[PDB]
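Undergrad: This is the structure I want to talk about, given as C-alpha cells.
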Ligand SMILES: CCCCCCCCCCCCCCCCCC(=O)OC[C@H](COP(=O)([O-])OCC(O)COP(=O)([O-])OC[C@@H](COC(=O)CCCCCCCCCCCCCCCCC)OC(=O)CCCCCCCCCCCCCCCCC)OC(=O)CCCCCCCCCCCCCCCCC
Ligand SMILES: CCCCCCCCCCCCCCCCCC(=O)OC[C@H](COP(=O)([O-])OCC(O)COP(=O)([O-])OC[C@@H](COC(=O)CCCCCCCCCCCCCCCCC)OC(=O)CCCCCCCCCCCCCCCCC)OC(=O)CCCCCCCCCCCCCCCCC
Ligand SMILES: CCCCCCCCCCCCCCCCC[C@@H](O)O[C@H](CO[C@H](O)CCCCCCCCCCCCCCC)COP(=O)(O)OCC[N+](C)(C)C
Ligand SMILES: CCCCCCCC/C=C\CCCCCCCC(=O)O[C@H](COC(=O)CCCCCCC/C=C/CCCCCCCC)COP(=O)(O)OCCN
Ligand SMILES: CCCCCCCCCCCC(=O)SCCNC(=O)CCNC(=O)[C@H](O)C(C)(C)COP(=O)(O)O
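Residue numbers (PDB author numbering), protein chains in the order written: chain g, 1 to 122; chain i, 1 to 347; chain j, 1 to 115; chain k, 1 to 98; chain G, 69 to 156; chain m, 1 to 175; chain V, 2 to 141; chain f, 28 to 76; chain Q, 34 to 87.
Written out as C-alpha cells, the structure reads:
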C-alpha cells in the first residue's frame, strides 16, 4: 500500500517541491548532519585501513572530501525528510478538520466521578 | 570477451530494468523483462566452463517460463478488461498467475531451487549482479500492483522463503550458496510487508542491497569462495576479516547495527495492522540466518585457522585493483541505524 | 470455402496417385530388395547417428533475420501515412540496424563455417 | 467466453505442462516453449480482432520478435551443452546442487 | 549410499556361480580348490574364457599376465580381493 | 452451430499441441508444431486477420526448419520415438486427448465454469461485428501504424535484435 | 480447500462427533496427499508401485492423525460439557501425536508430537476464541 | 630504496590533490550559500522579518 | 599456557561439500579449486560412408 505515491499536485521526480521552501531549513550544526559527517570520516578511515595506509594521517584531502560529501548529501536528505513529515501532519489535520463526525470531543470526566476497580497487592 | 561488448551487455541489462521501471504499458514491461534476460544470459557465461554453461541454461529455462506466465496473465487481464495500463489488475485468476510468475522471477519459495545453483555456478561478479540488480524489476512491478495482491498467497510464499532460506543456509560450506540462501530469506522479508506498506519494501531492499554489495566486494577482495579458503584471509589481510565479521553481524540483524532497521520497521508496520503471529515467527526464523552468519564469523575472524607456507610469498605483494565504493558500502551496512527517520523521504 | 475445396481436391488427387502406385503393380518384396542403398556395400553405422552442422551459427542468425522480415512487410501500407518523415526515418533505422548486425557477424568470422 | 477461447487456453496449459515435465531431450522443452508463444499469439490476436482495437494489431508482431530472440538464446545454450557432453540430455546438467 | 562393502564370502559365491554357469564344468565336481587344468580337464583356451567371464562379472580387466596364472577359484578370489583391497 | 469450422480448427490446434507436448521426438514435435501453426493461421483467418495468420505461419515454418537441422545435429538417437513406441509418450498423448475431449463435452453439454468462467457455445459467430464501412483493412492500418505511432516499439525491437545477434556470437564463442 | 475447513468448522464443538471426525479425516487425507505429491516429485521412488505405497503410507498416517484428533477432541468437549475450552484441543493434539508415534514406531517421536500438537491445537483454539489473525487484511 | 618506480613518488600527485581540495571547497561554499538563501526565503514566506 | 586455536582436525570439518553429511551426500565432491571440471572424452564418431563402387 502506498500512502503518498499519488497525492494530487505531486511532481514525479522533483525531490523538493516549491512548497518545501516555506519550512525552516535544518541548522548547519544539526546533530544529524554532524552524524553524517562522522559517517564520512569513518568511511575515510576505513578507506585508509583497507589500502594499507597510515589510518589517521594518510590522505587529508581524501578524508576532507569524504566528510564534505556526506554532509552535502545529508543536508538535502534532512530537508526532504522534514518536508515529508510536515506534509503528513498537514494532511492529518486537514482530514480531521473536514470529518468532524469521525473525531468527536466527548465530555471530560474528573477522577472523582470515574469508578476504577482497586486490585489489592497481597 | 571484448570490454566494449561487456559494457554494451551491462547497459542492455540496465536498460531492460529501467524500461520495466518507467513503462505504463504491460507490453513494454514484458519487453523490458525480455531484454534484461537476453543481455543477462551471456554475462553469466563470461568465464566459460561447464558449470557456468549449466547455470546459464537453468537460469534461462526458469526465467523464460516465468515470462511466459507473465504474458499469459497480461493477456487474460486484457480479455476481461481491455486495459493495457499497469493497475489494480481487474481479474483474480490473472492476478494469481502474475504473482506466481513474479515469484518465479524473484526466486521466492516454492520456486527457489534455481538460485543456489545459478549462484554457485557463476563468478562472484556475476553473483553480485544477479543477487543485487536482478531484484529491482519484479519488486517494482509487485509494488505497483500491491493493492490487488492477495495477502494469503504472498504471505505464504514469504514465510516459506524465510524458512527455506534459513534451513538451506544452515547446511552450506560454499560461500556463494550461503549468499543465495541469505538472498532467499531477505526476499521473503521484503515480500512479507508488501501488501501493507511498499515504503518498507523499498527500505529493506536498499539496506539488503548495501549489505550484499559490501559482502560480495569483501569476498572479491580476498579471493575466497569456500569457507576454508576464507579461513586463510586473517594471515594476509586481518582488516578485511574484521570488517567482514562486523558486516556479517549486521546481516544477522543484531542491534545497534543497520541490518536491524528493516526488520524492526517491518515488525512495527505489521503490528499496526493486527498481524501479530507472523512477525514473531519471522524473527524466530531469522535466528537461523544469524546462526550460520555467526559460524562464518567463527571460521574467518574470531579464531585463527592453520595456514600454509606459500602465504609468505603473498605477504610481499599488494592488491592491484581497488574498489572505490567498498568503504562507503561497509559504513552504510554498519553505522546507519541512528538515521532511521530519514526513511520518510522514500515515500 | 473455395480455398478449402481446392486444398481437399489437390490432397485427394495426390493420395489417389499414391494409392494407384501401391495397388496396381505386382509386388515382390524380399529382404535384399528392401535393404538400405549404399552403393552396393552394407553401411557401417546407422543413418540415425548425429550429423554435425558446420553452419550452426548462420542458422541461428537466420531465425533473427527472419523476424525482421515480418517487421518490414507492412511497409507498403506504412507509405500511405501523413507523417512521411517519421515513417521514413523508422524504416531506414530498422534497415540500418539489420545491416549493422550483418556487418558485425561478418567481421567476427560468424559467417565462416566450422571446420 | 466462446469455445475457441477455452481451446486456446487449454493449448497454453498443455504446452506449459509439457515444459514442466522433462523427459530426456532439451529440444523437446524448447519446442514446448515455442508452442506457448504460438498459443499466446493466437489468443492475443483473437482478442484484438474481436474488440476492433486498431493500434493493438501490432503487439503480436512484437511478441513474435521476442519469441524468436528467446528461441535463438535457447538454441545457443543447447549448442554449448551438446558440445560439452555430446548429448542434449537434461540429466547431464547436475554439477550444481541445492 | 553406494554399493555395500563387498567381502570375501560374496566374492567367493559370485566366482563359484560364474564357474558353474560354464557349460564345460560339472557343478558337483567343482570346488574352490579344483584346478582347471587337471581336476576340471580344461585346456588353456578354456581358461581364457573363464577369465573373461570373471572380467564381465566383476567389472574390471585382468591383464594377460596376472590372469594367466590363476589356475583355480581360490587364486581368482584372492586376486579379486587384492585388487579391490578387501580384507573381510 | 454454423459448420463448426472454427471449433474444429481449434480442436485440431489443441490436438497438435498435445502431439508435441507428449515429446515423442524432436522430428515429430516439429511436425506437430507445424500442424498447429497451420490451423492457427486458419483460425485467425476466419476472424479477419489474414496478414497475422500468414505471418505467423511463415515464421514458424522457418523456425521449424532450423529446429529440424538442429535435431539432426544434436538431438538424435538410434531409435527415435513415436507416439506409439513408448508407454510414457503414449500415456501422455492419450491423457491429453481424453482431457481435451472431457473439457469439450463438459463445456458443450453443460454451461459450467471450468477454471476461469463459464461458456455455453453457440459458435463464435454471435459476437461478430456487423460493421459496414471502409476501403481499407483495419488490421492492415493498425499494423502499418507501427512506423508512425510505434517509434518507441521500433527502437526497442531493433535494439533487442541487434543485441541478440551479439549475444549468440558471445554465447557460442566457447574457449 | 476451504470447503473442507468450513465443513469441519460449521459443526458446533461438542455435538455430532462422528461428522466432525469425518471432516478431520478428510482434511488429514488432503494434507497427506499434498505431502506425498511433493515427496514423489522431489524424491522419485524408482518404481510406480513403490510410489503408490509411499502415497498410501503418508495419506493413511495423516488421515489417521486427523481422525483421532477430531474424535477425541469432540468426545472430550461433549463429555466435559465445556465447549470453548482449549484443553479439549490440547487432548486431541496429544492423541494425534501419540497416533503419529505409534504410526512411526518411535517413543520419542510420539512424546514430542503429543506435546507439540497439543500445544499447537490449544493455541489454535485460543486464536479462534480471541480472534487472532494469521493473515491480517491491510487496515492502514 | 625501492626496486621499482612505485609510481606514486615522494611528491604527491598535484593534479589529483588540487582537484580534491577544489571540489571540497566548492561544495562547502555552495552549501553555505544554499543555506543562506533557504533561510532568507523561509523568513520571507512566513513574514518573520 | 596459551589460548587454544583451531588445528587441522578442527579445520577439516568445514572442508566437505556439505555440513552434516549423510549416507546419500557422503559421496558428494567439493567443487574444483578453479571452477573448471576436467573435460570428458565424449568422442563424437564421424560418419562412415561407402563412396562407390556403384
Ligand atoms: C556508539 C558511540 C560512538 C561509537 C561509533 C562506532 C565505533 C567507532 C567508529 C567505528 C569506525 C571508526 C574507525 C574505522 C577504521 C578502523 C579500521 C582499523 O583497522 O583501525 C586500525 C587503526 C590502527 O592502524 P595504524 O594506526 O595505521 O597502525 C597500526 C597497524 O595498522 C596495525 O593494524 P593491523 O591490521 O596489522 O592489525 C590487525 C587487526 C586490525 O583489525 C582492526 O583494526 C579492526 C577494526 C575494524 C573496524 C570496525 C568495523 C567498521 C565499524 C563498525 C563498528 C560497529 C560499532 C557498533 C557496536 C558493535 C561492535 C563491533 O586485526 C586483528 O587484530 C583481529 C582482532 C579480532 C577482533 C574482532 C573485533 C573487530 C570489530 C570491532 C569494531 C569496534 C568499533 C571500532 C574499533 C576501533 C577500530 C580502530 O586504528 C586507528 O589508529 C584509528 C582509530 C582512531 C581514529 C579516531 C581518532 C580521532 C582523532 C582524535 C581526536 C578526537 C576528536 C574529539 C573532538 C574534541 C576535540 C578534542
Ligand atoms: C524445570 C525443572 C525440570 C523440568 C525439566 C526436566 C523434567 C522434565 C523432562 C524429563 C522427563 C520428560 C521425558 C518424557 C518421556 C521421554 C520419552 C523418550 O525419551 O522417548 C525416547 C526413548 C527412546 O526409546 P525408543 O528408541 O523409541 O525404543 C526403545 C525403548 O526404550 C524400549 O521401550 P521398553 O520396551 O523398555 O518399554 C517402554 C514402555 C514400558 O516401559 C517399561 O519398560 C517400564 C515401565 C515404565 C512405564 C511407566 C508407566 C507406569 C508408571 C507410572 C506411575 C504414575 C506416574 C507418576 C505420576 C504420579 C501421580 C501421583 O513404555 C510405554 O509403552 C509407554 C506407554 C505409556 C505409559 C507411560 C506414559 C505415562 C504418561 C504420564 C502421565 C502424567 C500426566 C500428568 C499427571 C499429573 C500428576 C502428577 O524412549 C524410551 O526409551 C522411554 C520409554 C518410556 C517413556 C514414557 C515414560 C513417561 C515419563 C513421564 C512423562 C511426563 C513428562 C512429560 C509431561 C508433558 C507431556 C504433555
Ligand atoms: C544502507 C543505507 C541506505 C543508503 C541507500 C543509498 C544512499 C545514497 C544514494 C543517493 C540517492 C540519490 C537520489 C536523489 C537524486 C534526485 C532523484 C529524486 O528525484 O528521486 C526522488 C525520490 O527520492 C529518493 O527516493 C530519495 C533517496 C534517499 C534514500 C535514503 C533513505 C534511506 C533510509 C534511512 C537510512 C539512512 C540513510 C543515510 C545515507 C548516508 C523522486 O521521487 P518519486 O519519483 O516521486 O518516487 C518514486 C518511488 N515511488 C513513487 C514509488 C515512491
Ligand atoms: C530460550 C527461551 C526463551 C523463550 C521465550 C519465548 C516465549 C515468549 C512468549 C510468547 C511470545 C509471543 C507473544 C506475542 C506478543 C504479544 C503481543 C500481543 O498482545 O498480541 C496479542 C495476541 O496474542 C497472540 O497472538 C499470541 C499467540 C502466540 C503465537 C506464538 C506462540 C509462541 C509459543 C507459545 C507458547 C510458548 C510461550 C511460553 C514459553 C515459556 C518459556 C519457555 C493481542 O493481539 P490482538 O489480536 O490484537 O488481540 C485482540 C484481537 N484479537
Ligand atoms: C564368426 C566367424 C569368424 C571366424 C574366423 C577367425 C579367424 C582365426 C584366426 C587364427 C589365428 C591362429 O591361427 S594363431 C596360431 C595357433 N597355433 C599356435 O599358437 C601353436 C601352438 N599351439 C598351442 O599352443 C595350443 O595348441 C593352443 C590351441 C594354442 C592352446 O594353447 P595352451 O596350450 O597355451 O592352452
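Note that CB positions come from ideal geometry on N, CA and C, so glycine has one too.
1) Tell me which residues of the stretch 6 to 33 of chain j have at least one Cβ-Cβ distance to chain Q shorter than 7 Å, keeping chain order.
2) Using a Cβ-Cβ cut-off of 7 Å (strictly less than) and excluding sequence neighbours within five positions of residue 129(G), which residues of its own chain qualify?
3) Quick test of the definition: if touching needs 3 or more C-beta pairs under 8 Å, does the stretch 82 to 94 of chain k touch the stretch 2 to 21 of chain k?
4) Can you give the beta carbon distance from residue 5(i) to residue 166(m), rounded, assuming they're within the 8 Å contact cut?
5) Going by beta-carbon coordinates alone, are residue 155(m) and residue 39(i) separated by less than 9 Å?
6) For residue 285(i), is the beta carbon positioned less than 8 Å from some heavy atom of ligand 4?
7) Is the Cβ of residue 2(j) closer than 9 Å to any Cβ of chain m?
8) Please list, in chain order, all residues with a C-beta atom less than 5 Å from at least one heavy atom of ligand 2.
9) Which of the three DSSP states is assigned to residue 18(m) in this structure?
10) Along chain g, which residues have their Cβ under 7 Å away from the Cβ of residue 327(i)?
11) Just tell me which of 102(j), 49(j), 75(j), 61(j) has its CA closest to the CA of residue 73(k).
12) If we call anything under 9 Å between Cβ atoms a contact, is residue 91(j) one with residue 61(k)?
13) Against chain k, with Cβ distances strictly below 9 Å, would residue 70(j) count as a contact?
14) By DSSP's criteria, residue 89(k) is part of a beta bridge. Which residues make up the other side?
15) Going along the chain, which unbroken runs of the alpha helix (DSSP H) with 4 or more residues stay wholly within the stretch 49 to 105 of chain g?
16) When you compare only the Cα positions, how much space is there between residue 1(V) and residue 279(i)?
17) Is residue 257(i) a contact residue of ligand 1, with contact defined as CB to any heavy atom under 8 Å?
18) Counting contacts by CB-CB distance shorter than 9 Å, is residue 69(Q) in contact with chain i?
19) Indicate the three-state DSSP secondary structure (helix, strand or coil) for residue 87(Q) in the structure shown.
20) Could you tell me which chain g residues have their CB closer than 8 Å to the CB of residue 192(i), listed as they occur along the chain?
21) Taking Cβ positions only, does residue 29(g) come closer than 9 Å to chain i?
22) Taking residue 73(m) as the reference, give the member of 36(k), 78(k), 55(k) with the closest Cα.
23) Any heavy atom of ligand 1 closer than 8 Å to the Cβ of residue 49(g)?
24) Is there at least one Cβ from chain f nearer than 9 Å to residue 61(g)'s Cβ?
25) Quick check on residue 79(V): does DSSP put it in helix, strand or coil?
26) Given a threshold of 16 other Cβ atoms within 10 Å of its Cβ, counted over all protein chains shown, does residue 67(f) qualify as buried or as exposed?
27) Go to residue 98(k), then tell me how far its alpha helix (DSSP H) extends in each direction, as first and last residue.
28) For the alpha helix (DSSP H) that contains residue 127(i), what are its first and last residues?
29) At the level of alpha carbons, what is the spacing between residue 63(m) and residue 110(j)?
30) Rounded to whole angstroms, what's the CA-CA distance from residue 157(V) to residue 86(V)? Just pull it up for me.
31) Which residues share a DSSP beta bridge with residue 85(i)?
32) Between the C-alpha atoms of residue 68(Q) and residue 114(j), what's the straight-line distance to the nearest angstrom?
33) Could you pull out every residue in the same chain whose Cβ sits closer than 7 Å to the Cβ of residue 55(f), ignoring the five residues on either side in sequence?
34) Identify, in the order they occur along the chain, each residue of the same chain with its Cβ nearer than 7 Å to the Cβ of residue 237(i), setting aside the five sequence neighbours on each side.
35) Which chain j residues are close to residue 147(m), counting only those with a beta carbon under 8 Å from its beta carbon?
36) Indicate the three-state DSSP secondary structure (helix, strand or coil) for residue 51(Q) in the structure shown.
TA: Taking the geometry as given:
1) none
2) Here residue 129(G) refers to the residue found at position 61 when the fifth chain is read from its first residue. The answer, listed in chain order, is 123.
3) no
4) Along the second chain, one-based indexing puts residue 5(i) at 5. Along the sixth chain, one-based indexing puts residue 166(m) at 166. Confirmed, Cβ separation roughly 6 Å.
5) By one-based count along the sixth chain, residue 155(m) stands at place 155. By one-based count along the second chain, residue 39(i) stands at place 39. Going by C-beta atoms, residue 155(m) is not nearer than 9 Å to residue 39(i).
6) As a position in the second chain, residue 285(i) is number 285, starting the count at 1. Result no, Cβ not under 8 Å from ligand 4.
7) In the third chain, counting from the first residue as 1, residue 2(j) sits at position 2. No, residue 2(j) lies away from the interface with chain m (no Cβ there is under 9 Å from its Cβ).
8) 107(V), 108(V), 109(V), 112(V), 116(V)
9) The residue labelled residue 18(m) in the question sits at position 18 within the sixth chain. In this structure, residue 18(m) counts as helix in the three-state DSSP scheme.
10) The residue given as residue 327(i) occupies position 327 in the second chain. 43, 46, 47, 50, listed in chain order.
11) Stepping through the fourth chain from its first residue, residue 73(k) is reached at position 73. Among 102(j), 49(j), 75(j), 61(j), the Cα nearest to that of residue 73(k) belongs to 61(j).
12) Mapped onto the third chain, residue 91(j) falls at position 91. Mapped onto the fourth chain, residue 61(k) falls at position 61. In this structure, residue 61(k) does not lie closer than 9 Å to residue 91(j) by Cβ.
13) Numbered from its first residue, the third chain carries residue 70(j) at position 70. At least one chain k Cβ lies under 9 Å of residue 70(j).
14) Translated into positions along the fourth chain, residue 89(k) becomes position 89. Partner(s): 25(k).
15) 60 to 98
16) The displayed coordinates of chain V run from 2 to 141. Any statement about residue 1(V) would go beyond what the structure contains.
17) For the purposes of this step, residue 257(i) is identified with residue 257 of the second chain, where counting begins at 1. Result yes, Cβ under 8 Å from ligand 1.
18) Here residue 69(Q) refers to the residue found at position 36 of the ninth chain. Yes, residue 69(Q) counts as interfacial toward chain i.
19) As a working note, residue 87(Q) is residue 54 in the ninth chain. Reduced to three states, the DSSP call for residue 87(Q) is coil.
20) Numbered from its first residue, the second chain carries residue 192(i) at position 192. Ordered by position in chain g, no residue passes the 8 Å Cβ test against residue 192(i), which lies about 14 Å from the chain.
21) Stepping through the first chain from its first residue, residue 29(g) is reached at position 29. Not closer than 9 Å to any Cβ of chain i, the Cβ of residue 29(g) fails to qualify, so no.
22) Here the question's residue 73(m) lines up with position 73 in the sixth chain. It is 78(k).
23) What you label residue 49(g) is simply residue 49 of the first chain in a count that begins at 1. Within the cutoff, so yes.
24) As a position in the first chain, residue 61(g) is number 61, starting the count at 1. For residue 61(g), the answer is yes, since a Cβ of chain f falls inside 9 Å of its Cβ.
25) Stepping through the seventh chain from its first residue, residue 79(V) is reached at position 78. Helix, per DSSP.
26) What you label residue 67(f) is simply residue 40 of the eighth chain in a count that begins at 1. Result: exposed.
27) Position 98 of the fourth chain, counted from the first residue, corresponds to residue 98(k). Premise fails: residue 98(k) is in no alpha helix (DSSP H) and is neither H nor E.
28) If you number the second chain from 1, residue 127(i) lands on position 127. Start and end: 124 to 132.
29) What you label residue 63(m) is simply residue 63 of the sixth chain in a count that begins at 1. What you label residue 110(j) is simply residue 110 of the third chain in a count that begins at 1. Their Cα atoms are separated by approximately 20 Å.
30) Here chain V covers residues 2 to 141 and nothing more, so residue 157(V) does not appear.
31) The residue you call residue 85(i) lines up with position 85 of the second chain. Residue 85(i) pairs with 25(i).
32) Numbered from its first residue, the ninth chain carries residue 68(Q) at position 35. Numbered from its first residue, the third chain carries residue 114(j) at position 114. Roughly 27 Å between the two C-alpha positions.
33) Translated into the one-based positions of the eighth chain, residue 55(f) becomes position 28. There are no such residues.
34) Position 237 of the second chain, counting from 1, holds the residue named residue 237(i). The residues are 222.
35) Locating residue 147(m) in the sixth chain gives position 147, where the first residue counts as 1. Those within 8 Å of residue 147(m) in chain j are 74, 75, 78, 81, 86, 87, 90, 91.
36) Taking the first residue of the ninth chain as position 1, residue 51(Q) is located at position 18. It is a strand residue.
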